[PDB]
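Engineer: You'll find data-v8.cif just under this line, and it carries mmCIF, C-alpha atoms.
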```cif
data_structure
#
loop_
_atom_site.label_atom_id
_atom_site.label_comp_id
_atom_site.auth_asym_id
_atom_site.auth_seq_id
_atom_site.Cartn_x
_atom_site.Cartn_y
_atom_site.Cartn_z
CA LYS A 4 -36.62 12.81 2.07
CA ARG A 5 -33.55 13.20 -0.08
CA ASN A 6 -35.75 14.59 -2.93
CA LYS A 7 -37.11 17.71 -1.14
CA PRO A 8 -35.18 21.01 -1.35
CA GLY A 9 -33.77 22.59 1.82
CA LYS A 10 -30.92 24.44 3.54
CA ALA A 11 -27.68 22.88 4.90
CA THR A 12 -26.83 23.36 8.56
CA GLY A 13 -24.13 22.49 11.10
CA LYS A 14 -20.41 22.60 11.62
CA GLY A 15 -18.76 19.30 10.65
CA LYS A 16 -15.41 18.33 12.25
CA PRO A 17 -11.78 19.25 11.91
CA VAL A 18 -10.01 16.87 9.66
CA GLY A 19 -6.38 16.31 8.44
CA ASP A 20 -4.29 14.52 5.85
CA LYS A 21 -5.85 11.06 6.73
CA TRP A 22 -9.50 12.16 6.29
CA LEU A 23 -10.19 10.01 3.26
CA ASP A 24 -8.48 7.09 4.97
CA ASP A 25 -10.98 7.37 7.88
CA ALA A 26 -13.86 7.11 5.36
CA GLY A 27 -12.83 3.51 4.93
CA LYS A 28 -12.97 2.75 8.63
CA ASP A 29 -15.95 2.25 11.03
CA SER A 30 -18.55 5.07 10.86
CA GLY A 31 -16.59 6.65 7.96
CA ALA A 32 -15.43 10.23 8.12
CA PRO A 33 -17.08 13.55 9.08
CA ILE A 34 -17.93 16.42 6.72
CA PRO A 35 -14.83 18.57 7.05
CA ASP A 36 -15.52 21.73 9.06
CA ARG A 37 -14.01 23.99 6.38
CA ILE A 38 -16.38 22.47 3.76
CA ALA A 39 -19.32 22.88 6.12
CA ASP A 40 -18.41 26.60 6.36
CA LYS A 41 -18.92 26.85 2.56
CA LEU A 42 -22.19 24.93 2.42
CA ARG A 43 -23.81 26.07 5.68
CA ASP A 44 -26.62 28.37 4.79
CA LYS A 45 -27.04 27.55 1.13
CA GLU A 46 -30.22 26.22 -0.38
CA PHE A 47 -30.18 22.77 -2.10
CA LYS A 48 -32.59 21.37 -4.72
CA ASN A 49 -32.20 17.82 -3.32
CA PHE A 50 -29.64 15.55 -1.68
CA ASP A 51 -28.11 14.73 -5.09
CA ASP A 52 -27.51 18.48 -5.53
CA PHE A 53 -25.90 18.61 -2.06
CA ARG A 54 -23.58 15.69 -2.89
CA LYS A 55 -22.50 17.27 -6.15
CA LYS A 56 -21.65 20.55 -4.49
CA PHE A 57 -19.98 18.74 -1.56
CA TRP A 58 -17.53 16.99 -3.86
CA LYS A 59 -16.90 20.18 -5.78
CA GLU A 60 -15.98 21.97 -2.52
CA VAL A 61 -13.67 19.00 -1.63
CA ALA A 62 -11.87 19.66 -4.98
CA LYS A 63 -11.28 23.34 -4.21
CA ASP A 64 -9.62 22.57 -0.87
CA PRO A 65 -6.04 21.59 -1.70
CA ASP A 66 -5.48 19.51 1.48
CA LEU A 67 -8.46 17.26 0.71
CA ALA A 68 -7.98 17.12 -3.08
CA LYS A 69 -4.42 16.02 -2.60
CA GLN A 70 -5.79 12.83 -0.93
CA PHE A 71 -7.13 11.52 -4.26
CA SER A 72 -5.40 10.32 -7.42
CA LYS A 73 -5.60 12.46 -10.60
CA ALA A 74 -8.57 10.55 -12.08
CA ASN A 75 -10.41 10.94 -8.78
CA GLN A 76 -9.51 14.65 -8.62
CA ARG A 77 -11.23 14.99 -12.02
CA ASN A 78 -14.31 13.21 -10.63
CA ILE A 79 -14.58 15.50 -7.61
CA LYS A 80 -13.88 18.68 -9.62
CA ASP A 81 -17.04 17.71 -11.60
CA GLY A 82 -19.16 16.88 -8.52
CA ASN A 83 -18.93 13.14 -9.17
CA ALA A 84 -18.28 10.90 -6.20
CA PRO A 85 -14.80 9.34 -6.35
CA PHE A 86 -14.12 5.71 -7.20
CA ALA A 87 -13.28 3.57 -4.15
CA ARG A 88 -10.46 0.99 -3.93
CA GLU A 89 -11.44 -2.46 -5.13
CA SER A 90 -11.25 -3.90 -1.55
CA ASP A 91 -13.76 -1.26 -0.33
CA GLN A 92 -16.24 -1.86 -3.11
CA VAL A 93 -19.40 -3.87 -2.69
CA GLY A 94 -20.46 -5.40 -6.00
CA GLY A 95 -22.23 -2.60 -7.84
CA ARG A 96 -21.25 0.22 -5.51
CA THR A 97 -17.98 1.66 -6.64
CA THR A 98 -17.86 5.14 -5.21
CA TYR A 99 -17.60 6.89 -1.89
CA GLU A 100 -21.05 7.59 -0.51
CA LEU A 101 -22.67 10.02 1.84
CA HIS A 102 -24.87 8.60 4.66
CA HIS A 103 -26.81 9.91 7.64
CA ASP A 104 -25.77 9.05 11.19
CA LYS A 105 -29.01 9.56 13.09
CA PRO A 106 -32.65 9.05 12.14
CA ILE A 107 -33.94 12.18 10.37
CA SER A 108 -36.32 13.77 12.90
CA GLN A 109 -37.06 17.31 11.60
CA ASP A 110 -37.46 19.38 8.41
CA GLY A 111 -34.10 19.96 6.68
CA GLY A 112 -32.48 17.10 8.67
CA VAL A 113 -31.38 15.55 5.38
CA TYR A 114 -28.89 18.48 5.17
CA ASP A 115 -27.49 18.48 8.69
CA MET A 116 -23.71 18.18 8.18
CA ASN A 117 -23.26 17.25 11.83
CA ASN A 118 -25.00 13.91 10.93
CA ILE A 119 -23.59 13.11 7.43
CA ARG A 120 -20.65 10.68 7.06
CA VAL A 121 -18.53 10.05 3.96
CA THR A 122 -17.99 6.26 3.62
CA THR A 123 -16.59 3.62 1.38
CA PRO A 124 -19.38 1.34 0.08
CA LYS A 125 -18.09 -1.34 2.44
CA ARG A 126 -18.61 0.93 5.50
CA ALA A 127 -21.98 2.28 4.54
CA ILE A 128 -23.70 -0.79 5.97
CA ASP A 129 -22.33 0.32 9.32
CA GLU B 2 -13.96 -4.96 -37.08
CA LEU B 3 -14.40 -5.04 -33.27
CA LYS B 4 -11.73 -5.35 -30.54
CA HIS B 5 -12.21 -8.07 -27.88
CA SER B 6 -8.80 -8.59 -26.27
CA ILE B 7 -5.96 -6.32 -25.36
CA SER B 8 -3.88 -7.72 -28.27
CA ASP B 9 -6.34 -6.04 -30.60
CA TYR B 10 -5.24 -2.64 -29.35
CA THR B 11 -2.12 -0.83 -30.35
CA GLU B 12 -0.50 0.85 -27.35
CA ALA B 13 -1.65 4.34 -28.50
CA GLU B 14 -5.18 2.99 -28.89
CA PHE B 15 -5.25 1.55 -25.41
CA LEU B 16 -3.66 4.75 -24.08
CA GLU B 17 -6.49 6.78 -25.63
CA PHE B 18 -8.97 4.31 -24.08
CA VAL B 19 -7.50 4.98 -20.64
CA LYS B 20 -7.58 8.77 -21.28
CA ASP B 21 -11.27 8.36 -22.07
CA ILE B 22 -11.78 6.83 -18.65
CA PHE B 23 -10.07 9.84 -16.96
CA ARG B 24 -12.30 12.23 -18.98
CA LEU B 25 -15.61 10.55 -18.10
CA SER B 26 -15.67 12.27 -14.69
CA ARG B 27 -19.07 14.03 -15.01
CA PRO B 28 -22.01 12.62 -13.01
CA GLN B 29 -23.96 12.39 -16.31
CA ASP B 30 -21.40 9.85 -17.60
CA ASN B 31 -21.42 7.39 -14.63
CA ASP B 32 -22.84 4.51 -16.73
CA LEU B 33 -20.28 4.77 -19.51
CA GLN B 34 -17.52 5.31 -16.87
CA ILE B 35 -18.32 2.10 -14.97
CA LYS B 36 -18.66 0.17 -18.27
CA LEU B 37 -15.28 1.33 -19.52
CA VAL B 38 -13.71 0.50 -16.11
CA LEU B 39 -15.22 -3.03 -16.35
CA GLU B 40 -13.92 -3.46 -19.85
CA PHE B 41 -10.52 -2.17 -18.65
CA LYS B 42 -10.45 -4.80 -15.93
CA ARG B 43 -11.44 -7.54 -18.39
CA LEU B 44 -8.83 -6.51 -21.05
CA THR B 45 -5.90 -6.01 -18.72
CA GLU B 46 -6.72 -8.89 -16.42
CA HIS B 47 -4.35 -7.05 -13.99
CA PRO B 48 -4.95 -8.11 -10.39
CA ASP B 49 -5.22 -4.57 -9.01
CA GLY B 50 -8.19 -3.97 -11.48
CA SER B 51 -9.60 -0.43 -11.04
CA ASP B 52 -6.87 0.49 -8.58
CA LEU B 53 -4.39 0.94 -11.45
CA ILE B 54 -6.48 3.96 -12.41
CA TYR B 55 -7.72 5.31 -9.12
CA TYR B 56 -5.20 4.06 -6.48
CA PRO B 57 -1.94 3.85 -8.47
CA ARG B 58 1.38 2.79 -6.88
CA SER B 59 3.33 5.85 -5.88
CA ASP B 60 6.67 5.27 -7.71
CA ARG B 61 5.34 5.61 -11.30
CA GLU B 62 3.50 8.46 -13.01
CA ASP B 63 -0.15 9.00 -11.99
CA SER B 64 -1.36 9.41 -15.55
CA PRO B 65 -2.86 7.29 -18.31
CA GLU B 66 0.74 7.02 -19.73
CA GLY B 67 1.99 5.57 -16.40
CA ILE B 68 -0.95 3.13 -16.36
CA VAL B 69 -0.15 1.82 -19.82
CA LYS B 70 3.55 1.39 -18.96
CA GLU B 71 2.72 -0.60 -15.78
CA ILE B 72 0.26 -2.75 -17.79
CA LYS B 73 2.80 -3.35 -20.59
CA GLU B 74 5.57 -4.24 -18.07
CA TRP B 75 3.25 -6.48 -16.06
CA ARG B 76 1.82 -8.40 -19.05
CA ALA B 77 5.37 -8.82 -20.44
CA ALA B 78 6.79 -10.30 -17.18
CA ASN B 79 3.87 -12.82 -16.70
CA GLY B 80 4.24 -14.16 -20.30
CA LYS B 81 0.87 -12.79 -21.43
CA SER B 82 0.04 -11.48 -24.93
CA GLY B 83 0.99 -7.78 -25.41
CA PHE B 84 -0.31 -4.78 -27.45
CA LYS B 85 -0.55 -5.02 -31.26
CA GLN B 86 2.94 -3.83 -32.15
CA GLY B 87 3.84 -0.55 -34.03
CA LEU B 88 0.44 -0.11 -35.63
#
```
Represent the structure contained in this file as C-alpha coordinates.
Structural biologist:
Amino acid sequence: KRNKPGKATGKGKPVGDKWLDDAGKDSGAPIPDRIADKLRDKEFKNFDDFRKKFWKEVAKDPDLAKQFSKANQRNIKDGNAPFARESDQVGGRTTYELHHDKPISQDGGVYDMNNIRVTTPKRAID
Amino acid sequence: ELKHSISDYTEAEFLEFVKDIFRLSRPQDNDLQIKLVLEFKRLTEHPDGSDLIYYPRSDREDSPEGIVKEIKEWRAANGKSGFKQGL
(Lines of atoms letter the chains of each structure in order from A and count residues from 1; the text may use other names and numbers.)
(Lines give C-alpha, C1' and ligand atoms only; values in the text may rest on other atoms or scores of the structure.)
Protein backbone atom coordinates (compact mmCIF):
# COMPACT_ATOMS: atom_id res chain seq x y z
CA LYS A 1 0.00 0.00 0.00
CA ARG A 2 0.62 3.71 -0.22
CA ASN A 3 1.26 3.80 3.59
CA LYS A 4 4.31 1.47 3.71
CA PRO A 5 7.84 2.92 3.32
CA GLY A 6 10.01 1.89 0.36
CA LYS A 7 12.49 2.88 -2.34
CA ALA A 8 11.67 4.55 -5.71
CA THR A 9 12.73 2.82 -8.91
CA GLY A 10 12.63 3.29 -12.69
CA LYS A 11 13.42 5.79 -15.38
CA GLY A 12 10.33 7.83 -16.33
CA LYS A 13 10.13 9.39 -19.83
CA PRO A 14 11.58 12.35 -21.65
CA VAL A 15 9.27 15.26 -21.53
CA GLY A 16 9.16 18.84 -22.99
CA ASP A 17 7.43 22.19 -22.70
CA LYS A 18 3.90 20.58 -23.08
CA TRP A 19 4.32 18.03 -20.25
CA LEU A 20 1.72 19.56 -17.96
CA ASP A 21 -0.64 19.89 -20.90
CA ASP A 22 -0.41 16.10 -21.48
CA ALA A 23 -1.45 15.53 -17.84
CA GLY A 24 -4.86 16.77 -18.88
CA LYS A 25 -5.16 14.31 -21.74
CA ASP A 26 -5.85 10.51 -21.79
CA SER A 27 -3.53 8.51 -19.47
CA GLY A 28 -2.03 11.80 -18.19
CA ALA A 29 1.69 12.42 -18.32
CA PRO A 30 4.79 10.38 -17.35
CA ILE A 31 7.17 11.11 -14.46
CA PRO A 32 9.82 13.17 -16.21
CA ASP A 33 13.05 11.21 -16.67
CA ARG A 34 15.17 13.98 -15.14
CA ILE A 35 12.97 13.93 -11.99
CA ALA A 36 13.18 10.15 -11.84
CA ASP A 37 17.01 10.51 -11.85
CA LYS A 38 16.69 12.56 -8.62
CA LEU A 39 14.26 10.25 -6.85
CA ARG A 40 15.52 6.85 -8.08
CA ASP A 41 17.20 5.18 -5.19
CA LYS A 42 15.87 7.25 -2.33
CA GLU A 43 13.86 5.85 0.53
CA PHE A 44 10.28 7.15 1.12
CA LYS A 45 8.19 7.06 4.32
CA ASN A 46 4.95 6.61 2.31
CA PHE A 47 3.35 7.62 -0.98
CA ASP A 48 2.38 11.02 0.47
CA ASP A 49 6.09 11.59 1.18
CA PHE A 50 6.92 10.58 -2.42
CA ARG A 51 4.33 13.02 -3.82
CA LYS A 52 5.65 15.87 -1.72
CA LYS A 53 9.21 15.30 -2.85
CA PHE A 54 8.07 14.77 -6.46
CA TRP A 55 6.47 18.21 -6.61
CA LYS A 56 9.46 19.78 -4.91
CA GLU A 57 11.76 18.31 -7.59
CA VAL A 58 9.35 19.63 -10.30
CA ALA A 59 9.87 23.13 -8.76
CA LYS A 60 13.67 22.92 -8.97
CA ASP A 61 13.60 22.08 -12.69
CA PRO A 62 13.12 25.39 -14.50
CA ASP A 63 11.57 23.87 -17.66
CA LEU A 64 8.79 22.19 -15.66
CA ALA A 65 8.26 24.99 -13.13
CA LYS A 66 7.83 27.45 -15.94
CA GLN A 67 4.68 25.49 -16.98
CA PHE A 68 2.77 26.66 -13.89
CA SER A 69 1.48 30.07 -12.82
CA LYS A 70 3.15 31.87 -9.87
CA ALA A 71 0.62 30.64 -7.28
CA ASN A 72 1.11 27.10 -8.54
CA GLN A 73 4.90 27.51 -8.48
CA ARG A 74 4.53 28.36 -4.78
CA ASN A 75 2.46 25.20 -4.26
CA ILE A 76 5.03 22.95 -5.91
CA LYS A 77 8.01 24.63 -4.19
CA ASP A 78 6.30 23.53 -0.92
CA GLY A 79 5.52 19.97 -2.09
CA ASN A 80 1.82 20.73 -2.49
CA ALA A 81 0.10 19.42 -5.58
CA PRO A 82 -0.87 22.25 -7.96
CA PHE A 83 -4.42 23.48 -8.47
CA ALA A 84 -6.01 22.26 -11.72
CA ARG A 85 -8.04 24.39 -14.17
CA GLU A 86 -11.73 24.58 -13.34
CA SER A 87 -12.65 22.48 -16.44
CA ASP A 88 -10.33 19.66 -15.27
CA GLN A 89 -11.67 19.58 -11.75
CA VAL A 90 -14.10 16.98 -10.49
CA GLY A 91 -16.18 18.38 -7.64
CA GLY A 92 -13.96 18.08 -4.58
CA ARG A 93 -10.75 17.20 -6.39
CA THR A 94 -8.95 20.36 -7.29
CA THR A 95 -5.34 19.37 -7.75
CA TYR A 96 -3.18 17.35 -10.07
CA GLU A 97 -2.88 13.79 -8.82
CA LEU A 98 -0.48 10.94 -9.09
CA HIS A 99 -1.88 7.50 -10.14
CA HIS A 100 -0.55 4.04 -10.91
CA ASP A 101 -0.78 2.59 -14.42
CA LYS A 102 -0.57 -1.13 -13.73
CA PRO A 103 -1.79 -3.27 -10.84
CA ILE A 104 0.85 -3.27 -8.07
CA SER A 105 2.33 -6.78 -8.18
CA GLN A 106 5.51 -6.67 -6.02
CA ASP A 107 7.08 -5.02 -2.95
CA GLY A 108 7.98 -1.37 -3.63
CA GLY A 109 5.70 -1.28 -6.71
CA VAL A 110 3.95 1.75 -5.23
CA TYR A 111 7.19 3.65 -6.04
CA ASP A 112 7.87 2.45 -9.57
CA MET A 113 8.13 5.68 -11.60
CA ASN A 114 7.75 3.72 -14.83
CA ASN A 115 4.08 3.12 -13.73
CA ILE A 116 3.09 6.50 -12.13
CA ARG A 117 1.15 9.09 -14.16
CA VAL A 118 0.49 12.73 -13.28
CA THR A 119 -3.17 13.54 -14.11
CA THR A 120 -5.81 16.18 -13.82
CA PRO A 121 -8.66 14.98 -11.56
CA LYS A 122 -10.78 14.57 -14.69
CA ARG A 123 -8.26 12.10 -16.21
CA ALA A 124 -7.61 10.08 -13.11
CA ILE A 125 -10.72 7.99 -13.73
CA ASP A 126 -8.99 6.83 -16.90
CA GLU B 1 -18.55 43.32 11.87
CA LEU B 2 -18.22 40.54 9.24
CA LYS B 3 -17.75 40.84 5.45
CA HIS B 4 -20.17 38.89 3.20
CA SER B 5 -19.92 40.47 -0.25
CA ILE B 6 -17.12 41.95 -2.25
CA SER B 7 -18.51 45.48 -1.64
CA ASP B 8 -17.56 45.03 2.00
CA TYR B 9 -13.90 44.91 1.04
CA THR B 10 -11.73 47.85 0.21
CA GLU B 11 -9.46 47.08 -2.72
CA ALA B 12 -6.37 46.79 -0.44
CA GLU B 13 -8.32 44.39 1.79
CA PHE B 14 -9.31 42.17 -1.09
CA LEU B 15 -5.75 42.38 -2.44
CA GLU B 16 -4.41 41.12 0.90
CA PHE B 17 -7.04 38.34 0.79
CA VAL B 18 -5.72 37.23 -2.59
CA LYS B 19 -2.11 37.40 -1.31
CA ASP B 20 -3.20 35.11 1.51
CA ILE B 21 -4.36 32.58 -1.06
CA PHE B 22 -0.93 32.67 -2.80
CA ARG B 23 0.79 32.16 0.60
CA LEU B 24 -1.28 29.13 1.66
CA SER B 25 0.81 26.82 -0.53
CA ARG B 26 1.95 24.35 2.18
CA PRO B 27 0.33 20.88 2.23
CA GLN B 28 -0.62 21.51 5.89
CA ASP B 29 -2.85 24.42 4.76
CA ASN B 30 -4.90 22.61 2.04
CA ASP B 31 -8.21 23.01 3.94
CA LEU B 32 -7.87 26.74 4.49
CA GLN B 33 -6.57 27.12 0.88
CA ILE B 34 -9.61 25.44 -0.70
CA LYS B 35 -11.96 27.40 1.62
CA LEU B 36 -10.43 30.73 0.69
CA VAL B 37 -10.56 29.77 -3.04
CA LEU B 38 -14.30 28.94 -2.62
CA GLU B 39 -14.94 32.20 -0.87
CA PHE B 40 -12.97 33.96 -3.64
CA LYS B 41 -15.19 32.39 -6.27
CA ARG B 42 -18.34 33.34 -4.34
CA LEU B 43 -17.24 37.00 -3.76
CA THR B 44 -15.98 37.71 -7.24
CA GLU B 45 -18.64 35.74 -9.05
CA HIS B 46 -16.15 35.91 -11.99
CA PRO B 47 -16.84 33.18 -14.55
CA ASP B 48 -13.25 31.91 -14.71
CA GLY B 49 -13.46 31.21 -10.88
CA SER B 50 -10.17 29.69 -9.62
CA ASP B 51 -8.51 30.15 -13.00
CA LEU B 52 -8.03 33.87 -12.29
CA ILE B 53 -5.53 32.75 -9.66
CA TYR B 54 -4.01 29.62 -11.10
CA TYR B 55 -4.49 29.91 -14.91
CA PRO B 56 -4.41 33.69 -15.49
CA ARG B 57 -4.71 35.25 -18.96
CA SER B 58 -1.27 35.95 -20.33
CA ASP B 59 -1.52 39.71 -21.15
CA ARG B 60 -1.84 41.00 -17.54
CA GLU B 61 0.42 40.55 -14.53
CA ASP B 62 0.48 37.09 -12.91
CA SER B 63 0.25 38.43 -9.38
CA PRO B 64 -2.42 39.16 -6.78
CA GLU B 65 -2.27 42.84 -8.02
CA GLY B 66 -3.07 41.72 -11.61
CA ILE B 67 -5.93 39.56 -10.29
CA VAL B 68 -7.51 42.46 -8.43
CA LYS B 69 -7.22 44.75 -11.48
CA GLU B 70 -8.91 42.16 -13.76
CA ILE B 71 -11.67 41.67 -11.14
CA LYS B 72 -12.18 45.45 -10.73
CA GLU B 73 -12.29 45.97 -14.54
CA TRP B 74 -14.62 43.02 -15.06
CA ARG B 75 -17.10 43.94 -12.30
CA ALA B 76 -17.10 47.56 -13.54
CA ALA B 77 -17.92 46.61 -17.19
CA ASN B 78 -20.79 44.19 -16.23
CA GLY B 79 -22.49 46.85 -14.01
CA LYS B 80 -21.84 44.95 -10.78
CA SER B 81 -21.13 46.50 -7.36
CA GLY B 82 -17.42 47.37 -6.84
CA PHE B 83 -14.95 47.55 -3.89
CA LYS B 84 -15.70 49.83 -0.91
CA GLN B 85 -14.07 53.01 -2.18
CA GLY B 86 -10.95 54.76 -0.67
CA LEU B 87 -11.26 53.17 2.75
Engineer: Could you list the residues in chain A lying within 9 Å of chain B, using all atoms listed in the file, and format the result as a ChimeraX atom specification?
Structural biologist: /A:55,71-89,97
Engineer: I need the chosen residues saved as a PDB file, keeping the file's coordinate frame, with C-alpha atoms.
Structural biologist:
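As written to disk, out.pdb reads:
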```
ATOM      1  CA  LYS A  55     -22.500  17.270  -6.150  1.00  0.00           C
ATOM      2  CA  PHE A  71      -7.130  11.520  -4.260  1.00  0.00           C
ATOM      3  CA  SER A  72      -5.400  10.320  -7.420  1.00  0.00           C
ATOM      4  CA  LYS A  73      -5.600  12.460 -10.600  1.00  0.00           C
ATOM      5  CA  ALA A  74      -8.570  10.550 -12.080  1.00  0.00           C
ATOM      6  CA  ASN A  75     -10.410  10.940  -8.780  1.00  0.00           C
ATOM      7  CA  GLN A  76      -9.510  14.650  -8.620  1.00  0.00           C
ATOM      8  CA  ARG A  77     -11.230  14.990 -12.020  1.00  0.00           C
ATOM      9  CA  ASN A  78     -14.310  13.210 -10.630  1.00  0.00           C
ATOM     10  CA  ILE A  79     -14.580  15.500  -7.610  1.00  0.00           C
ATOM     11  CA  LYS A  80     -13.880  18.680  -9.620  1.00  0.00           C
ATOM     12  CA  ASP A  81     -17.040  17.710 -11.600  1.00  0.00           C
ATOM     13  CA  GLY A  82     -19.160  16.880  -8.520  1.00  0.00           C
ATOM     14  CA  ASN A  83     -18.930  13.140  -9.170  1.00  0.00           C
ATOM     15  CA  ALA A  84     -18.280  10.900  -6.200  1.00  0.00           C
ATOM     16  CA  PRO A  85     -14.800   9.340  -6.350  1.00  0.00           C
ATOM     17  CA  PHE A  86     -14.120   5.710  -7.200  1.00  0.00           C
ATOM     18  CA  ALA A  87     -13.280   3.570  -4.150  1.00  0.00           C
ATOM     19  CA  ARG A  88     -10.460   0.990  -3.930  1.00  0.00           C
ATOM     20  CA  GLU A  89     -11.440  -2.460  -5.130  1.00  0.00           C
ATOM     21  CA  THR A  97     -17.980   1.660  -6.640  1.00  0.00           C
TER      22      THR A  97
END
```
Engineer: Using all atoms listed in the file, which residues sit within 8 Å of region 37-51 of chain A once same-chain residues fewer than 4 positions away are excluded, as a list in words?
Structural biologist: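 So the residues in contact are residues 5, 6, 7, 8, 9, 10, 11, 12, 13, 14, 15, 17, 55, 57, 60, 61, 113, 114 and 116 of chain A.
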Engineer: Need to verify the contact set: residue 72 (chain B), 12 Å, all atoms listed in the file, exclusion of same-chain residues closer than 4 positions in sequence. Can you return it as a PDB file with C-alpha atoms, keeping the file's coordinate frame?
Structural biologist:
```pdb
ATOM      1  CA  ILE B   7      -5.960  -6.320 -25.360  1.00  0.00           C
ATOM      2  CA  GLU B  12      -0.500   0.850 -27.350  1.00  0.00           C
ATOM      3  CA  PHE B  15      -5.250   1.550 -25.410  1.00  0.00           C
ATOM      4  CA  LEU B  16      -3.660   4.750 -24.080  1.00  0.00           C
ATOM      5  CA  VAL B  19      -7.500   4.980 -20.640  1.00  0.00           C
ATOM      6  CA  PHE B  41     -10.520  -2.170 -18.650  1.00  0.00           C
ATOM      7  CA  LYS B  42     -10.450  -4.800 -15.930  1.00  0.00           C
ATOM      8  CA  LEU B  44      -8.830  -6.510 -21.050  1.00  0.00           C
ATOM      9  CA  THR B  45      -5.900  -6.010 -18.720  1.00  0.00           C
ATOM     10  CA  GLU B  46      -6.720  -8.890 -16.420  1.00  0.00           C
ATOM     11  CA  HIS B  47      -4.350  -7.050 -13.990  1.00  0.00           C
ATOM     12  CA  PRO B  48      -4.950  -8.110 -10.390  1.00  0.00           C
ATOM     13  CA  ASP B  49      -5.220  -4.570  -9.010  1.00  0.00           C
ATOM     14  CA  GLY B  50      -8.190  -3.970 -11.480  1.00  0.00           C
ATOM     15  CA  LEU B  53      -4.390   0.940 -11.450  1.00  0.00           C
ATOM     16  CA  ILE B  54      -6.480   3.960 -12.410  1.00  0.00           C
ATOM     17  CA  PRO B  57      -1.940   3.850  -8.470  1.00  0.00           C
ATOM     18  CA  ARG B  61       5.340   5.610 -11.300  1.00  0.00           C
ATOM     19  CA  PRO B  65      -2.860   7.290 -18.310  1.00  0.00           C
ATOM     20  CA  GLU B  66       0.740   7.020 -19.730  1.00  0.00           C
ATOM     21  CA  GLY B  67       1.990   5.570 -16.400  1.00  0.00           C
ATOM     22  CA  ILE B  68      -0.950   3.130 -16.360  1.00  0.00           C
ATOM     23  CA  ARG B  76       1.820  -8.400 -19.050  1.00  0.00           C
ATOM     24  CA  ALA B  77       5.370  -8.820 -20.440  1.00  0.00           C
ATOM     25  CA  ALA B  78       6.790 -10.300 -17.180  1.00  0.00           C
ATOM     26  CA  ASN B  79       3.870 -12.820 -16.700  1.00  0.00           C
ATOM     27  CA  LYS B  81       0.870 -12.790 -21.430  1.00  0.00           C
ATOM     28  CA  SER B  82       0.040 -11.480 -24.930  1.00  0.00           C
ATOM     29  CA  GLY B  83       0.990  -7.780 -25.410  1.00  0.00           C
ATOM     30  CA  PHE B  84      -0.310  -4.780 -27.450  1.00  0.00           C
TER      31      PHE B  84
END
```
Engineer: Taking the file as shown, find all residues satisfying the PyMOL selection byres ((chain A and resi 118) around 7) and write them as number ranges by chain.
Structural biologist: A: 103-105, 115-117, 119-120
Engineer: As an exercise, work out the distance from CA of residue 102 (chain A) to CA of residue 24 (chain A) in Å and give it to one decimal place.
Structural biologist: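 Rounded to one decimal, the two atoms are 16.5 Å apart.
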Engineer: Could you check how far CA of residue 100 (chain A) sits from CA of residue 122 (chain A), in Å to one decimal?
Structural biologist: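 We find that CA of residue 100 (chain A) and CA of residue 122 (chain A) lie 5.3 Å from each other.
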Engineer: Could you check how far CA of residue 98 (chain A) sits from CA of residue 13 (chain B), in Å to one decimal?
Structural biologist: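 Computed distance, CA of residue 98 (chain A) to CA of residue 13 (chain B), equals 28.4 Å.
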Engineer: Step by step, work through what the PyMOL selection byres ((chain A and resi 93) around 10) selects in the shown file, and finish by giving those residues as an mmCIF file with C-alpha atoms, in the coordinates of the input.
Structural biologist:
```cif
data_model
loop_
_atom_site.group_PDB
_atom_site.id
_atom_site.type_symbol
_atom_site.label_atom_id
_atom_site.label_comp_id
_atom_site.auth_asym_id
_atom_site.auth_seq_id
_atom_site.Cartn_x
_atom_site.Cartn_y
_atom_site.Cartn_z
ATOM 1 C CA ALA A 87 -13.280 3.570 -4.150
ATOM 2 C CA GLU A 89 -11.440 -2.460 -5.130
ATOM 3 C CA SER A 90 -11.250 -3.900 -1.550
ATOM 4 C CA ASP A 91 -13.760 -1.260 -0.330
ATOM 5 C CA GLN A 92 -16.240 -1.860 -3.110
ATOM 6 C CA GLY A 94 -20.460 -5.400 -6.000
ATOM 7 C CA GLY A 95 -22.230 -2.600 -7.840
ATOM 8 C CA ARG A 96 -21.250 0.220 -5.510
ATOM 9 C CA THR A 97 -17.980 1.660 -6.640
ATOM 10 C CA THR A 98 -17.860 5.140 -5.210
ATOM 11 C CA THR A 123 -16.590 3.620 1.380
ATOM 12 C CA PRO A 124 -19.380 1.340 0.080
ATOM 13 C CA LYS A 125 -18.090 -1.340 2.440
ATOM 14 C CA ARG A 126 -18.610 0.930 5.500
ATOM 15 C CA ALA A 127 -21.980 2.280 4.540
#
```
Engineer: When distances are computed from only C-alpha atoms, which of A:65, A:107, A:4, A:33 shows the smallest separation from residue 16 (chain A)?
Structural biologist: A:33
Engineer: Can you translate the PyMOL selection byres ((chain B and resi 86) around 10) into the concrete residues it hits in this file, as a list in words?
Structural biologist: residues 8, 9, 10, 11, 12, 83, 84, 85, 87 and 88 of chain B
Engineer: Which centre and edge lengths in Å to one decimal define the box along x, y and z that fits every listed atom of region 102-118 of chain A plus 8 Å per side, as JSON?
Structural biologist:
```
{"center_x": -30.4, "center_y": 14.3, "center_z": 8.9, "size_x": 30.2, "size_y": 27.4, "size_z": 24.4}
```
